[PDB]
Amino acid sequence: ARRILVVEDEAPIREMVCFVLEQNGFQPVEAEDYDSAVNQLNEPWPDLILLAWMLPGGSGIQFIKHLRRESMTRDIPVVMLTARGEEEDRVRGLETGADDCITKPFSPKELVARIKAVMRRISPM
């Protein structure tokens, strides 16, 4: 179960992520905007979601809130994709209920290690 929903509107980044994931044994799914991401919340369910802070059509925080409203999605791990610089500064220490984050640009190895760490994580408390 290695289906990864890649919710990232920056095409070069989204495609890079898909490539890294493919080569490391995962099944990446592109979501280039908010509605595209919502339309992937069904069988077969994502095992983990990578999520940018802002998309055409909706924000990352809006998407997380959407996920939490339903039993079938509320336990899917979410890892934020954070742009180095201005965005990173604005969102540091922001509690969203997301499980982890990673800053762009990242190395292929760091992305994979962060995803694997989140996937093996025990359910809190």
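The first residue of the shown sequence is 1; numbering continues from there.
Higher average CA B factor: 79-87, of the stretches 79-87 and 61-69. Comparing C-alpha B-factors across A1, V7, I4, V118 in the deposited entry, the largest value falls on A1.
Note on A98, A52, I49, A37: the highest value goes to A98, judged by CA B factor as recorded. The deposited CA B-factor of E30 belongs to the lowest third of values across its chain.
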